[PDB]
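Colleague:
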Amino acid sequence: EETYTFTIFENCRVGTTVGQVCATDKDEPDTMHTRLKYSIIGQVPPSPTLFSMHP
Amino acid sequence: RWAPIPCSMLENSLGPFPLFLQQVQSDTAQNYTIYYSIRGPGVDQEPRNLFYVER
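Taken in sequence, the protein lines are chains b and a.
Residue numbering for the first sequence follows the authors' numbering, starting at 3488 and increasing by one per position.
Residue numbering for the second sequence follows the authors' numbering, starting at 2265 and increasing by one per position.
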């Protein structure tokens, strides 16, 4: 997706899941040509921080 | 440094919205790829998301 949406509850505990996104690359599966790394680039608002991503 | 430059908006408008105010970019944008943002009371300090920029 170009734009996902996820739901969570209020007052949930740290380390709570929001959602998992998926992606693909068009080179040979399980080579470095296709080996992937995920990161947050920003937030709305920018601060305070509320969410993280496993790389 | 040169001082910043006014812009004005009129209250309780029949729109439509997003209502445009002015465009602001770099001049040196042609040297390397950049993207645009704003912070402050009116987007991420309150009243939040009052103001908006095309990235």
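All C-beta atoms, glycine included, are put in the ideal place defined by N, C-alpha and C.
Where residue 3506 of chain b and residue 3493 of chain b are concerned, what is the direct C-alpha to C-alpha distance, given to the nearest angstrom?
Modeller: Here residue 3506 of chain b refers to the residue found at position 19 when the first sequence is read from its first residue. Here residue 3493 of chain b refers to the residue found at position 6 when the first sequence is read from its first residue. Taking the straight line from one Cα to the other gives about 6 Å.
Colleague: Should residue 2307 of chain a go down as buried or exposed, given a rule of 16 or more other Cβ atoms within 10 Å for buried?
Modeller: Locating residue 2307 of chain a in the second sequence gives position 43, where the first residue counts as 1. Per the 10 Å Cβ criterion, buried.
Colleague: Can you tell me which residues form a DSSP beta bridge with residue 2309 of chain a?
Modeller: Numbered from 1 along the second sequence, position 45 holds the residue referred to as residue 2309 of chain a. Answer is a:2305.
Colleague: Please tell me whether residue 2300 of chain a and residue 2309 of chain a are closer than 9 Å, where the distance is taken between their beta carbons.
Modeller: Taking the first residue of the second sequence as 1, we reach residue 2300 of chain a at position 36. Taking the first residue of the second sequence as 1, we reach residue 2309 of chain a at position 45. Result no, Cβ atoms of residue 2300 of chain a and residue 2309 of chain a do not sit closer than 9 Å.
Colleague: Excluding sequence positions up to five away, which residues of its chain have a Cβ less than 7 Å from the Cβ of residue 3528 of chain b?
Modeller: Reading the first sequence from its first residue, position 41 is the one you call residue 3528 of chain b. So the list is empty, once near-sequence residues are dropped.
Colleague: Shorter than 9 Å from the beta carbon of residue 2307 of chain a to some beta carbon of chain b?
Modeller: For the purposes of this step, residue 2307 of chain a is taken as residue 43 along the second sequence, with counting starting at 1. Interface residue, yes.
Colleague: Is the beta carbon of residue 3531 of chain b sitting closer than 9 Å to the one on residue 2276 of chain a?
Modeller: To locate residue 3531 of chain b, count along the first sequence from 1; it is residue 44. To locate residue 2276 of chain a, count along the second sequence from 1; it is residue 12. In this structure, residue 2276 of chain a does not lie closer than 9 Å to residue 3531 of chain b by Cβ.
Colleague: Does residue 2313 of chain a get closer than 9 Å to chain b when you measure Cβ to Cβ?
Modeller: As a working mapping, residue 2313 of chain a is identified with position 49 in the second sequence. Yes - at least one Cβ of chain b is within 9 Å of the one on residue 2313 of chain a.
Colleague: Mind checking the region 2276–2307 of chain a against chain b and listing, in chain order, the residues whose C-beta falls within less than 7 Å of any C-beta there?
Modeller: Residues passing the 7 Å Cβ filter: 2303.
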